[PDB]
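Okay, here we've got a single chain as structure tokens, the form deposited in one PDB entry, with questions on binding and movement later.
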């Protein structure tokens, strides 16, 4: 990609995102807001969700299909937005690919480590993510002495897709109130409930948005690897794929991205 009226060539490839559903779209929203000039290719494998309870073998197998589909789309980078896919095959995919491979869990974990005051970290997410305990594992793999308390908030995802909402958050986070100094939003759906969560936890707790942290890593890594696009070139050629139920996918997508986005249904 030659810069118009310019002299240098800049990468024109898009950044790829894989997920077993629509939650990852919030990481996509963060990308658009921070790096408006970067193209996106999103593949949501809802047809085989939930990944969570399935055997590692299948998860590795499904993840790779998502990876290869992204590669056929000529992506310069791949972002894991699915917690289970990240826990099971993120490591091997990253070691094998020739392009940068990132996840959302890692930067959220790291930011928690760097932001805690007394060493009391909280993690809220889905029963599955809390069940895998992946955030605590990543956090403690780097700083084993950090105390991590993880709580499932099963009413959160439904609320995302009102005074009742307020009550629900207050009751769901109650067990955490006053017991931590840092809280990881361990579900990509939760960034939409941030203001209420901040209100329930009080000003004494710092909120860590894993998706935003991840998007910050993307910015530094694109530059580090010299695959950044022209900063003045607004991007719009965004591709969205799903392996199932495109109707609701477009519903949720159009809403969060605040623009009618077009979803393409595909078969892997």
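Residue numbers count along the first chain shown, from 1. In this text, the rigid core denotes the largest set of C-alpha atoms whose superposition between the two forms falls within 1.5 Å.
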Query raised in the report: How many residues sit between residue 161 and residue 162 in the deposited sequence but have no coordinates: none, 1 to 3, 4 to 9, or 10 or more?
Result: 4 to 9
Report summary line: Averaging the C-alpha temperature factors as deposited, the higher value of 168-176 versus 72-80 falls on 168-176
Query raised in the report: Once you work out the mean C-alpha B-factor for both 17-25 and 251-259 from the entry, which is higher?
Result: 251-259
Query raised in the report: Checking the entry, which one of 105, 85, 113, 128 has the top C-alpha B factor?
Result: 128
Report task. Have a look at 148, 153, 101, 192 and flag the one whose Cα has the highest B-factor in the entry. Result -> 192
Report task. Would you please rank residue 200 by its C-alpha temperature factor against the other modelled residues of its chain and give the third it falls in: lowest, middle or highest? Result -> highest
Query raised in the report: Going by the entry, which third of its chain does the Cα temperature factor of residue 237 land in?
Result: highest
Report summary line: Split the chain's modelled residues into thirds by Cα B-factor; residue 157 lands in the highest
Query raised in the report: Among the modelled residues of its chain, does the C-alpha B-factor of residue 37 lie in the lowest, middle or highest third?
Result: lowest
**Report entry** Third of chain Cα B-factors occupied by residue 209
**Finding:** lowest
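What comes next is about the form solved in complex with a small molecule, which is not displayed.
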Requested in this report: Could you spot which one of 45, 30, 38, 209 gets a heavy atom to within 4.5 Å of the small molecule in the bound PDB entry?
Outcome: 45
Query raised in the report: Within 4.5 Å of the small molecule in the bound PDB entry, heavy atoms considered, which of 97, 160, 146, 128?
Result: 128
Query raised in the report: Hey, in the bound PDB entry, does residue 138 get a heavy atom within 4.5 angstroms of the small molecule?
Result: no
**Report entry** Contact flag, residue 85 vs the small molecule in the bound PDB entry, heavy atom cut 4.5 Å
**Finding:** yes
Query raised in the report: So in the bound PDB entry, does residue 59 come within 4.5 Å of the small molecule, heavy atom to heavy atom?
Result: yes
Query raised in the report: Any chance residue 63 has a heavy atom within 4.5 Å of the small molecule in the bound PDB entry?
Result: yes
Report task. From the candidate stretches 196-204, 30-38, 217-225, 63-71, select the single one in contact with the small molecule in the bound PDB entry, where contact means a heavy atom within 4.5 Å. Result -> 63-71
Query raised in the report: Just one of 71, 99, 128, 113 has a C-alpha that shifts by 2 Å or more between this form and the one not shown on a rigid core fit; which is it?
Result: 128
Query - Rigid core superposed: residue 172 CA moves 2 Å or more between this form and the one not shown - result: yes
